[PDB]
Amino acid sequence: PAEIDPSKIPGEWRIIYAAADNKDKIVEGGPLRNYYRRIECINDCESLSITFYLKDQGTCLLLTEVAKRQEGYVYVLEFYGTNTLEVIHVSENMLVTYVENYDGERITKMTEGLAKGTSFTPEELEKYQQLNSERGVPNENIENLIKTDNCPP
């Protein structure tokens, strides 16, 4: 956390990958399959504003959610249950979140791999997969989200 440069968080991100222990949450049409478009910091990252698409029965819905800082770069937001969202890696070209979602029945551990481009290089994917494993998120459950992101750019 001490090494994170939060100035790299804001910007126009695309989601490339997601991974979760409960795969059903992140498959097409799943509640936590969210097509990022933009993140902005509020009050020097005391809150995050996140704008993304959610598909409902094939139709793209533009949403904006605000997450509030708990501690460090761990944020809380309500969206299909209660979430913590932690920025666990960020660079000029790549951002990785770690999310714990609780829906009243299950806890889902997941990550999202965002890029400034449309893909991760093998080095970037290696980092993403290592971050997943460190947090008990199975790489077997990785979904490539950009390949189904037919929502408006």
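We number the residues from 1 along the sequence you see.
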property	result
Between 82-90 and 60-68 (mean CA B-factor, as deposited), the higher	60-68
Mean C-alpha B-factor comparison - 37-45 and 114-122, higher one	37-45
CA B-factor ranking of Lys109, expressed as a third of its chain	lowest
Assigned third (lowest, middle, highest) for the C-alpha B factor of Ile4	highest
